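K.L.:
Sharing a structure below in structure tokens format, with a few things to ask.
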Amino acid sequence: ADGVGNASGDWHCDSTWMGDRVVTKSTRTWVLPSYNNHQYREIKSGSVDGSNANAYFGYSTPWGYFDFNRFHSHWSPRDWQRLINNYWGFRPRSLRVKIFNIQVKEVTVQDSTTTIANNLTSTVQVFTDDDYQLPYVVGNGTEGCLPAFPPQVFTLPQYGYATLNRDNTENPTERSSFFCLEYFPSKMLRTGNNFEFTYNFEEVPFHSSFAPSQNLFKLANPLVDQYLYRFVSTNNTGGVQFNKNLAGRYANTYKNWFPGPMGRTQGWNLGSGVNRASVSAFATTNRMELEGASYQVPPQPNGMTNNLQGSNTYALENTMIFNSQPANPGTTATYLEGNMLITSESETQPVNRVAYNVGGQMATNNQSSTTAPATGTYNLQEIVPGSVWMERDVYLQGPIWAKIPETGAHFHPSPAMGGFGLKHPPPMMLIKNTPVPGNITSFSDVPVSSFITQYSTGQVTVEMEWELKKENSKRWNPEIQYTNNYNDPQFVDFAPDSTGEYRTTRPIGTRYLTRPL
Amino acid sequence: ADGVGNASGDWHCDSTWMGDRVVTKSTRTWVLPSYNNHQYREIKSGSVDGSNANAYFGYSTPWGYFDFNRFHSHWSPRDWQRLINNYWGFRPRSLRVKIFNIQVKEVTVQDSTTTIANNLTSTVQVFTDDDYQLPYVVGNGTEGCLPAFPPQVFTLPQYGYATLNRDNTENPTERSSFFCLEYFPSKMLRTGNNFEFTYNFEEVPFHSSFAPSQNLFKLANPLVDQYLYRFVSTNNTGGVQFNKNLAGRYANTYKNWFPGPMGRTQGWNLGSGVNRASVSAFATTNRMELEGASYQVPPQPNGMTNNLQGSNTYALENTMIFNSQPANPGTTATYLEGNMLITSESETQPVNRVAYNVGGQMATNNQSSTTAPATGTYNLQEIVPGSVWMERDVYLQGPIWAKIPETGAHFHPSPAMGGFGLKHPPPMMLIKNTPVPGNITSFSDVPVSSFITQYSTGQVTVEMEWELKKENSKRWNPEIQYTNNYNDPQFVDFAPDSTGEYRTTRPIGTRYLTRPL
Amino acid sequence: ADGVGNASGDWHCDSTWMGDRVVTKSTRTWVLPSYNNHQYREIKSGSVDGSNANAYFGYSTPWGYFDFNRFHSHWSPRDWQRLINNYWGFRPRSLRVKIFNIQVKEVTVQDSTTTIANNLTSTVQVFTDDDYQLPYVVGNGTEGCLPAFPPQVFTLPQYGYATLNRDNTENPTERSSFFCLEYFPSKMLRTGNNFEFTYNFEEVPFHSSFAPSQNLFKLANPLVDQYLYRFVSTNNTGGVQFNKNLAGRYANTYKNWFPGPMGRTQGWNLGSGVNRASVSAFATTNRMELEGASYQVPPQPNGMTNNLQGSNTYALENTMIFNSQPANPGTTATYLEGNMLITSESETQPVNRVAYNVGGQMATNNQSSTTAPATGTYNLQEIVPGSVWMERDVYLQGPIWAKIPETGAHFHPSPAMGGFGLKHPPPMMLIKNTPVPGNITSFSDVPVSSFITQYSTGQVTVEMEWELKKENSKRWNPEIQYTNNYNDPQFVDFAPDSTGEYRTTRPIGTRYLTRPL
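Protein chains in written order, with full-length UniProt numbering: chain A, 208 to 724; chain B, 208 to 724; chain C, 208 to 724.
Structure follows, in structure tokens:
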């Protein structure tokens with residue numbers, strides 16, 4: 208055990224469905240560049256694109272990190288289908304990760320030959336941050352996760368963070384903090400060594416994957432009248448007149464429950480919708496301010512629906528928008544509807560309010576004999592006693608969890624992009640190549656800047672356990688399922704191309720089952 | 208036991224007050240029509256009264272149901288008085304129901320004789336829905352409950368529900384679901400058989416029946432000044448000037464706590480108030496939208512008061528409005544103030560904001576040497592950190608509980624109409640007459656459409672246990688009680704008329720006791 | 208227990224999914240006419256419609272019978288979907304039936320009043336035939352089964368059978384046998400009595416519900432050549448020349464396995480296909496002869512596919528054709544494509560041969576220097592060593608089982624219409640009303656022909672246990688599911704109409720999952 212000619216792990220990719228629970232095992236091959244040539248660099252930006260919200264001050268590190276936080280890392284398209292068609296809900300239970308079969312490669316360039324050899328004595332460093340003392344960059348929707356497709360090899364992303372900057376500039380504050388990652392204890396691994404970590408998720412609610420089977424305002428019996436009466440009109444000398452609420456008249460009935468909060472965001476017509484020409488669209492987006500700068504919040508808060516059933520109007524600032532294929536870093540190219548995976552929340556429309564319409568109206572004045580009653584519409588409304596809504600749906604291409612910010616207070620900690628809000632998420636796993644100095648023939652007080660250039664590769668297996676919520680329903684007629692349906696397919700979706708490129712043409716969400724309110 | 212000549216239950220109507228707890232027993236006689244002639248009919252509506260919110264798609268069933276959900280079903284007017292005068296709070300604990308003394312009657316019409324006989328071999332079917340797999344129609348404020356007055360006989364209401372319709376029309380969606388009620392296991396009862404069910408309420412907060420004994424903003428000591436200072440003015444070269452907050456000046460004092468949320472709804476003058484002539488009042492009501500339709504929400508959310516103490520101005524869309532007597536189904540008649548039982552929340556005015564006034568004002572600009580400070584009022588405000596309000600009061604004529612809709616998320620699940628929000632309420636009890644075919648002399652593949660016409664009757668006893676919260680108070684002077692007080696009574700209220708009609712002339716709420724904030 | 212005022216059973220309709228197994232419980236209400244006025248009548252026919260195959264000799268009996276043999280009797284449309292989307296196979300395990308809540312009704316007609324009363328002393332007779340000594344009429348695809356929809360009431364069909372007739376006429380043979388059903392012991396039931404029976408299915412293979420994921424002739428690796436060589440041509444002085452079999456050339460490769468048997472039946476174009484005008488189609492159907500008469504065999508034997516994928520050509524004599532709604536007995540009306548539920552076997556096309564094409568070709572001569580090689584096609588081929596095929600698919604509207612005829616010998620006892628061939632099927636349950644004589648004031652030697660006219664009704668519960676075969680598959684991409692998908696629905700399918708009529712618009716088969724050969 209533990210030698211250069213002995214493998215330190217095996218390939219595990221499987222999914223075991225047992226009763227309620229399911230365990231998903233996933234193995235990938237990674238490669239780790241040596242970033243910043245073993246340096247910590249201070250990174251910063253001023254206002255770019257004419258927005259001082261793009262200014263920041265921070266640090267980039269030599270370290271890379273493992274990111275497990277998208278669903279397609281863990282789940283197959285066929286196992287995701289088996290989940291969403293058969294179950295009302297799921298939540299994560301446990302996690303364990305293993306890093307094995309480490310091999311370090313030294314690369315040397317003489318007159319552009321660039322030969323590569325392996326250094327058997329070189330080391331890699333790995334630590335997990337269990338106390339959450341570092342900036343947690345994982346849940347923020349950024350690339351670098353394990354691939355969706357198991358044979359694909361991936362580079363680990365470089366670790367970095369932004370601290371406080373002052374006055375919306377690139378300059379630091381006195382509260383700007385520097386975190387050194389070598390001031391943690393870490394484990395040093397040669398070829399025969401491996402690393403293992405285990406984690407238990409805290410108790411969270413099930414993600415509810417079902418759609419409401421009736422309307423929030425239609426909950427009353429259509430056959431029977433209400434014993435309740437409504438103010439209707441007023442007569443020639445105004446006294447107040449009342450009518451009884453009748454049967455299936457749902458405009459007029461009394462309500463116990465009210466929809467979730469809403470802001471109003473601009474709707475845009477996809478497909479054959481006409482829209483408007485030559486809009487720059489940045490000035491008219493919804494925004495919030497912090498510290499004197501104005502930020503776009505491209506996901507909105509929960510409690511709205513971006514699309515209304517089979518309409519082509521979308522809010523686009525209430526939407527999660529994906530690309531059908533991965534892109535190069537820093538691409539400024541413009542894309543169109545056909546390139547994009549544009550999700551729809553319309554299965555929540557019974558309980559949620561559409562984002563591109565007003566939320567209602569209220570009285571704007573006091574009536575008199577002289578003045579008539581008046582109303583006006585409101586474009587935004589917030590949490591109210593007796594509100595019910597549905598959370599953002601989760602997709603096979605989307606994030607699993609987020610970390611709740613550490614502050615005095617918060618309300619209903621559900622992430623806007625989706626998934627499970629976690630006070631103590633799965634910890635970050637950080638990894639770097641240990642530096643090997645070059646030829647140094649003399650003593651100097653200044654640190655060693657000349658290093659052998661190296662990279663390392665290996666495998667990482669992740670094993671998650673999921674608790675499932677059975678579907679128990681008395682619905683007689685058949686339901687909507689996620690099916691594989693294509694008219695005149697020229698390729699099969701979720702399979703490699705003739706080149707070897709893996710194709711995913713559409714988003715897959717969780718809510719196909721239907722349940723009564 | 209269990210025969211045609213042996214009674215399967217006894218009449219229990221009692222209330223036993225023991226220490227904290229009280230058990231209320233209630234027995235009634237019911238009659239069950241055979242609805243839809245043993246058919247399931249698809250019911251639907253388009254926009255009626257010029258509102259597409261009145262459109263629906265649904266189903267009506269042969270089944271009837273038992274509805275226990277109004278307070279006067281369980282409580283006497285004298286036991287309700289004993290409760291509200293002596294106690295700070297109450298909540299339900301357990302429930303048990305029994306259905307006994309079943310008798311089925313066959314009715315036959317030859318040349319308009321319409322004779323009635325009893326069918327000793329006929330059956331009735333009863334099931335309780337313990338898993339909440341059906342649409343729950345009970346808590347929605349619709350008629351058909353056990354009578355307030357024990358000798359009265361009542362028909363069971365027909366069970367029905369609305370599912371999804373599309374595009375605000377009468378047409379179904381793909382997610383429109385059909386629920387068959389014969390796909391449940393049920394218990395079949397002949398004459399000697401009876402049915403029994405027991406239920407335990409989940410832990411809920413006490414309904415707080417008391418009124419606040421002081422003002423939310425007046426909580427400070429009037430004798431002593433605050434050590435806190437306020438911005439007062441600015442001088443000829445504007446520097447900021449401050450004064451000390453003095454003693455009993457409550458406009459200027461610092462506050463820890465803030466009132467509950469509010470929308471603004473139109474106030475209308477009852478009694479001698481002048482109002483305004485010939486208002487249609489539908490266009491100017493407060494509304495919300497779902498799915499592209501606009502609904503009236505005739506109860507508003509909690510945290511407001513409809514009436515302000517002894518004023519005659521009422522919001523009428525913040526009010527629960529009752530009739531002094533039951534009405535025929537589908538009555539379009541117009542009613543006036545004298546016919547109506549119009550409740551007042553004014554006992555909550557210290558902590559709650561009046562619905563027909565603005566909620567406050569805030570700064571609308573940035574001052575400068577050139578521009579002066581400006582404000583504007585707001586007509587709506589929502590939940591805020593450090594808010595305190597009181598929930599809708601419960602009445603002897605009103606609902607006991609509601610079911611919290613099954614969705615990902617909700618906030619403060621208190622029903623707008625009143626009572627206790629319950630994730631798992633008392634289950635629905637559904638009952639139908641089993642069909643008896645007529646004379647069929649041949650075989651056919653089509654189902655049997657010819658049936659003996661029948662109805663059944665019986666008794667139902669309901670027994671609830673209530674936990675009480677004792678009144679512990681150091682108030683020296685006497686309090687306000689609910690008393691029986693009428694000037695020149697021509698009849699006694701809450702007693703039968705000379706015809707036998709039971710009269711209830713006024714609403715009775717729970718908050719007569721007073722308690723300091 | 209066991210009295211006129213005590214119910215002898217309860218309503219059970221449920222489905223319990225536990226691991227592999229599932230138990231489906233089903234309760235219905237039946238009505239039993241008194242058939243033939245308590246007589247055994249000899250029934251017979253000569254050649255009708257110009258076919259002596261329509262001639263028969265037989266007997267009709269006073270008895271009715273219970274028929275459990277269609278899938279929709281046991282299964283819901285939502286439980287059928289849950290089955291076919293998630294599982295590779297199923298077979299029945301046990302069965303138990305209960306007949307309870309019997310009530311007999313006497314009907315009397317004076318001057319067309321036709322009053323109905325119940326006779327509490329009357330009896331009904333029930334026996335089960337465990338030894339299979341009667342003609343077994345159940346598995347033959349005839350109407351009278353428990354309804355698909357639980358609230359529907361159904362008449363029991365009259366029991367009858369055909370025996371030997373001679374020379375294709377209506378006259379009996381010497382081997383024509385008469386079976387009296389009173390010569391069995393049976394159980395006599397009054398109002399308080401009930402009947403119960405239990406049965407265990409014999410070991411049968413799972414119905415395989417999956418589709419083949421590749422082609423029978425394409426099983427070879429497309430990347431590698433065969434070490435086997437083929438006769439290709441012959442040169443100017445004919446010697447034999449050979450080529451190697453290359454890679455993905457599947458016309459030329461060697462085969463281990465061969466398709467199932469086929470006959471050739473005429474294809475007809477549904478939908479927009481042009482077809483041919485004014486065909487009487489009876490003369491050109493496929494037939495077999497027995498005893499000098501010629502019969503249509505509207506299902507063919509197994510091993511063919513009626514439709515070829517997305518073509519509109521159907522064999523129509525290889526198809527199971529259903530009506531969307533039940534029909535009156537003896538209807539001669541003509542129907543069109545839109546009224547019909549026309550099943551497609553096309554999911555079996557990889558392994559099965561299309562019915563409307565030739566099956567292949569073989570050598571018709573011996574070559575010489577003078578004569579060239581010749582072939583000809585064949586329209587029919589039978590079982591061959593090394594044949595593989597798939598059995599007829601089962602539908603929610605189709606039969607569950609059939610009885611294997613009792614004879615010396617049989618081959619591969621799979622029913623042509625579908626389901627499970629059973630040597631000992633679930634026994635027949637026969638039921639009649641016991642006769643009550645009218646007023647007889649004298650003695651006579653001739654039997655009593657005057658009877659009180661009566662009918663009976665009651666409930667019947669059936670409980671089946673099913674063994675399931677889990678789906679274990681490494682397919683990466685999503686599969687085809689049965690989904691509820693309709694463009695512009697005016698009603699929901701598998702739900703009652705506005706009249707109460709239950710609508711089923713399409714057939715639902717079992718093979719949506721895919722599995723490699």
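All residues carry an ideal CB built from backbone N, CA and C; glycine is no exception.
Just the C-alpha distance for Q532/B and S280/B, rounded to the nearest angstrom, thanks.
P.N.:
Near 15 Å, if we compare the C-alpha coordinates of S280/B and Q532/B.
K.L.:
So, for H245/B: in the same chain, excluding its five sequence neighbours on each side, which residues have a beta-carbon less than 7 Å away from its beta-carbon?
P.N.:
Cβ within range, chain order: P269, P642, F658.
K.L.:
Distance cutoff 8 Å, beta carbons only. Does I611/C sit that close to anything in chain B?
P.N.:
False, the Cβ-Cβ gap to chain B never drops below 8 Å.
K.L.:
Hey, how far is the Cα of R277/A from the Cα of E674/B?
P.N.:
Looking at the two C-alpha atoms, the distance is approximately 49 Å.
K.L.:
Assuming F627/C is part of the alpha helix (DSSP H), what are its boundary residues?
P.N.:
Segment 627–629 is the beta strand (DSSP E) holding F627/C; no alpha helix (DSSP H) there.
K.L.:
Rounded to the nearest angstrom, what separates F701/B and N525/A at their Cα positions?
P.N.:
Answer to the nearest angstrom: the Cα atoms are 55 Å apart.
K.L.:
Chain B partners of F449/A, CB-CB under 8 Å?
P.N.:
Near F449/A (Cβ distances below 8 Å), the residues of chain B are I528, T541, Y542, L543, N546, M547.
K.L.:
Where do the ends of the beta strand (DSSP E) carrying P269/C lie?
P.N.:
Counting along the chain, the beta strand (DSSP E) containing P269/C begins and ends at 263–273.
K.L.:
Can you tell which of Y457/B, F438/B, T444/B has the C-alpha that lies nearest to the C-alpha of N450/B?
P.N.:
It is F438/B.
K.L.:
Pull up the CB-CB distance for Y602/B and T550/B, whole angstroms please, since I reckon it's below 8 Å.
P.N.:
Right, their Cβ atoms sit about 6 Å apart.
K.L.:
Could you have a look at residue 725/A and say whether DSSP puts it in helix, strand or coil?
P.N.:
Nothing in the structure corresponds to residue 725/A, since chain A is present only between 208 and 724.
K.L.:
Within the same chain, show all residues whose beta-carbon is closer than 6 Å to that of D221/B, passing over the 5 residues directly before and after it, in chain order.
P.N.:
Excluding sequence neighbours, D221/B sits near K232.
K.L.:
Counting only Cβ-Cβ distances shorter than 8 Å, please list the residues of the stretch 388–403 of chain B near chain A, keeping chain order.
P.N.:
Here the close residues are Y390, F391.
K.L.:
Would you mind giving the Cβ-Cβ distance between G367/A and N463/A, rounded to the nearest angstrom? I have them listed as a contact below 8 Å.
P.N.:
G367/A to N463/A, Cβ: 50 Å. No contact.
K.L.:
Report yes or no: is there a C-beta of chain A within less than 8 Å of the C-beta of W295/C?
P.N.:
Not an interface residue.
K.L.:
Kindly provide the ranges of any beta strand (DSSP E) runs that are 3 or more residues long and lie completely inside the stretch 508–576 of chain A, ordered along the chain.
P.N.:
Segments of the beta strand (DSSP E) lying fully in the stretch 508–576 of chain A: 528–530, 547–549, 567–570.
K.L.:
By Cβ distance below 8 Å, which residues in the same chain neighbour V211/C in space, the five residues on each side in sequence not counted?
P.N.:
Here the set comprises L327, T398, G399.
K.L.:
Skipping 5 residues on each side, what residues in its chain have a beta carbon closer than 6 Å to that of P633/C?
P.N.:
Closer than 6 Å at the Cβ level, and outside the excluded window around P633/C, lie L302, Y406.
K.L.:
Is there a Cβ of chain C sitting closer than 8 Å to that of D256/A, yes or no?
P.N.:
False, the Cβ-Cβ gap to chain C never drops below 8 Å.
K.L.:
Compute the Euclidean distance between the alpha carbons of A418/C and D704/C, then round it to the nearest angstrom.
P.N.:
Those two C-alpha atoms are separated by around 34 Å.
K.L.:
Got a sec: which bits of the stretch 362–389 of chain B sit with their beta carbon under 9 Å from any beta carbon on chain C, in order along the chain?
P.N.:
If the cut-off is 9 Å between Cβ atoms, the stretch 362–389 of chain B has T370, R373, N378, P379, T380, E381, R382, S383, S384, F385, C387, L388, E389 near chain C.
K.L.:
Sort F404/B, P654/B, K639/B, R494/B by Cα distance to residue 156/B and report the nearest one.
P.N.:
This structure does not reach residue 156/B, given that chain B is present from 208 up to 724, and the question cannot be answered.
K.L.:
Is the CB of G566/A under 8 Å away from at least one CB in chain B?
P.N.:
Output row for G566/A: interface = yes.
K.L.:
Could you round the C-beta distance between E544/A and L477/A to whole angstroms and report it? I think they count as a contact, below 8 Å.
P.N.:
That belief holds up - the Cβ atoms of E544/A and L477/A are roughly 6 Å apart, short of 8 Å.
K.L.:
Can you tell me whether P606/C is buried or exposed? The criterion is at least 16 other CB atoms within 10 Å of its CB, across all chains shown.
P.N.:
Looking at its Cβ environment, which holds 16 or more other Cβ atoms inside 10 Å, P606/C is buried.
K.L.:
Which residue spans inside the stretch 429–486 of chain B form an unbroken beta strand (DSSP E) run of at least 3?
P.N.:
You should have 436–441, 447–451.
K.L.:
What's the gap between the Cα of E410/B and the Cα of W237/A?
P.N.:
Approximately 52 Å, taken between the alpha carbons.
K.L.:
Taking CB distances under 8 Å as the criterion, tell me whether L629/A reaches chain F.
P.N.:
No chain F is present in this structure, whose protein chains are A, B and C.
K.L.:
Mind pulling the chain C residues with CB within less than 8 Å of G210/B?
P.N.:
Under the 8 Å cutoff, chain C gives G210, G212, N213.
K.L.:
Which residues of chain B have a Cβ atom closer than 8 Å to the Cβ of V591/A, listed in chain order?
P.N.:
By Cβ distance, chain B contributes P468, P508, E589, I590, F618.
K.L.:
Strictly below 8 Å CB to CB, what residues from chain A border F701/C?
P.N.:
Those are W683, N684, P685, listed as they occur along chain A.
K.L.:
Given that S283/C touches chain A, what residues does it touch there, using C-beta distances under 8 Å?
P.N.:
Near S283/C (Cβ distances below 8 Å), the residues of chain A are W683.
K.L.:
Could you tell me the alpha carbon to alpha carbon distance between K305/C and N514/C, rounded to whole angstroms?
P.N.:
Their Cα atoms are separated by approximately 42 Å.
K.L.:
Going by DSSP, what residue range makes up the beta strand (DSSP E) through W224/C?
P.N.:
Start and end: 221–225.
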